[PDB]
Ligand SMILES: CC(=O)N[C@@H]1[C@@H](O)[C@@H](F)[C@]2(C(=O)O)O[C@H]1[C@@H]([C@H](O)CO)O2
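Below you will find one chain, with nothing else, as structure tokens; this is the form solved without the ligand, and questions on how it binds or moves follow later.
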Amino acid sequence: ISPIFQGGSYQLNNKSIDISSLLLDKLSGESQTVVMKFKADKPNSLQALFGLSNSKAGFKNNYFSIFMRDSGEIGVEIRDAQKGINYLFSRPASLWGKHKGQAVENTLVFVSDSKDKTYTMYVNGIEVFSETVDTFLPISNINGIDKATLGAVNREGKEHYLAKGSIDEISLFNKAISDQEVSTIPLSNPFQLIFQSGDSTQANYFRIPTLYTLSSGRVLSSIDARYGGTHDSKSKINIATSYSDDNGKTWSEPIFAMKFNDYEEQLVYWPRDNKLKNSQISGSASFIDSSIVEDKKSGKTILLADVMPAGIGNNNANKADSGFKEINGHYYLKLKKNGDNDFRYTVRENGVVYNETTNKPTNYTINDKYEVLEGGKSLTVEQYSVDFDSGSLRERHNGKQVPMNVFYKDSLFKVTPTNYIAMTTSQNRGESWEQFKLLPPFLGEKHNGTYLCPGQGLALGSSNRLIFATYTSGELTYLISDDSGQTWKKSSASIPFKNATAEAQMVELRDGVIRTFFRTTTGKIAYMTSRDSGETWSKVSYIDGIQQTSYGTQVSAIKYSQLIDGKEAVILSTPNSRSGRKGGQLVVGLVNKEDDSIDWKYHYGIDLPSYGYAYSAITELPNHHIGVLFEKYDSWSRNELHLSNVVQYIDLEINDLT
């Protein structure tokens, strides 16, 4: 259909624009669509972009509005006091403000569907809410509507929710346009999605992005594909990957690098209400926090991630148990059999399950997928699915048999309920991944695994040394391999923090010199340096000039290949805020060749200081652009849980930053 109204280039400078004469008598029927292209790079705290209201005395609660907050939240109100209806639908972190210094043209589509009794909001090609109600209120059927307003809502003759911004285009339609038709509306997005709801992972949520440029020029990305909302483990989470062969312009359909099948891959709309938002998948195994590196020698890509057995996460993992038994200088994965009260078994060479009480092997073996075989035959368990049909989270058997895995709740043999690190490799630059292998324990029999630092491992330029940073209580624990990831050793570096989330990323400043940047609890990003390729580490210093919150956020970092202002340069990606995970920046530092100190010279605002920015990934693309994949929301805030399509990718050039 054609619009009933269409207008453009409206400047909203804290003064509403009346469009009543042009619009009100055009509205007819009970279904409507609003299409709006708008900019707001300096928004007020709470402002209305569009309003339909009864402006008369005594009817201040009779209006429809599309509003936004300076947090990036978008929403609508639909209110009629005579009908006893006060609808408020919204989602945090739905907007862009600025990109490369220029105000972003957001494309908003709001569909009010009387037939299906559903209100649906899209912003920038992303559905941010869809809500069905028992009693539908057509936005035009509000009792006594007499004003259509841009940049405010007229209540009792006064301008409420005054806006600062611009509406470059607005159209209204007397129809609820289909999802298919919405998808045809041209966008002006400053970003793209690599992973997204409805893709091959079937996860509705993503967290913890990585990026790594491979020697072929292919750019590889990994991510937590999170099924049970955005919650950390315990949950269902797989590790997914996607690559780009054209400098980040297009990305492959995702595949899994690490996956468990004890629970179904379900795309679920996780509740965001206060009563249910902490619902958590509690019986599934999961992977969490991935990191990637490329080995020059073998040509292989190596991916590590944490592994959690069924129902386990950081919260409840046994901190005093590695899950391995030492027998004669070697480490063997311990197992507990159905019925036993101890772990009386181990997994030895060739996967033979051994009885520790009797010291003889059993008729059970563990294969390369950590699946249980009996006499060479595959055992199975029944898979679970989750639903909220009952009004609360239910996890229940779905009739499907899958291979019995020792990380599963229903398995005959179960691993120690603690956290592990696994690695997988690819011989075809991320087109397929091998089955994962558990890394051995590094801190003894009675210490849980260290926690992988998400992002990149480091491939030293002048050797075949590979390093992955990890953390635990009181130290960074660097994992080092000189044989293409076949064997690893630890290098411990004390940090003055007990029990910190010291997520760390590394850059090679020059040959053999490594600087590690890491999250702390001090409000400042810290760093340390090695000058012997990771064997020994300096004391900890701190960066002034960047603020983080008391709890901190992951920082990503690369050494840029080109000189800037005649100097070697390092680029950091982090929120810059003492308040929340927002105010995302790339910070460019120039290296002082005399002492390897870094002068943090340029700060580039990724978007508004008030807009969300959490964990991030950065890479120098083969054309020397910078690719950034980041969580565009406050991933700490308990108001911003369970948002879809907030992990987004942008492309920047150095001149944009400087």
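Residues carry their position along the shown sequence, with the first being 1.
Keep in mind that the form deposited with the ligand bound is not shown, yet the notes after this line are about it.
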The one residue among 208, 304, 469, 239 placing a heavy atom within 4.5 Å of the ligand in the deposited complex is 208
Of 588, 288, 504, 439, the only residue with a heavy atom within 4.5 Å of the ligand in the deposited complex is 288
Taking any heavy atom pair closer than or equal to 4.5 Å as contact, tell me whether residue 314 reaches the ligand in the deposited complex.
yes
Find out whether any non-hydrogen atom of residue 232 is located within 4.5 angstroms of the ligand in the deposited complex, and reply yes or no.
yes
Please run the contact check for residue 10 against the ligand in the deposited complex: heavy atoms, 4.5 angstroms, yes or no?
no
Residue 332: heavy atom within 4.5 Å of the ligand in the deposited complex?
no
Using a 4.5 Å heavy atom cut-off, are 99, 251 and 630 all in contact with the ligand in the deposited complex?
no
Partner absent here, but in the deposited complex, which of 127-135, 495-503, 68-76, 475-483 has residues with a heavy atom within 4.5 Å of the ligand?
495-503
Enumerate the residues of 516-538 that have a non-hydrogen atom within 4.5 Å of the ligand in the deposited complex, in sequence order, or give none.
519
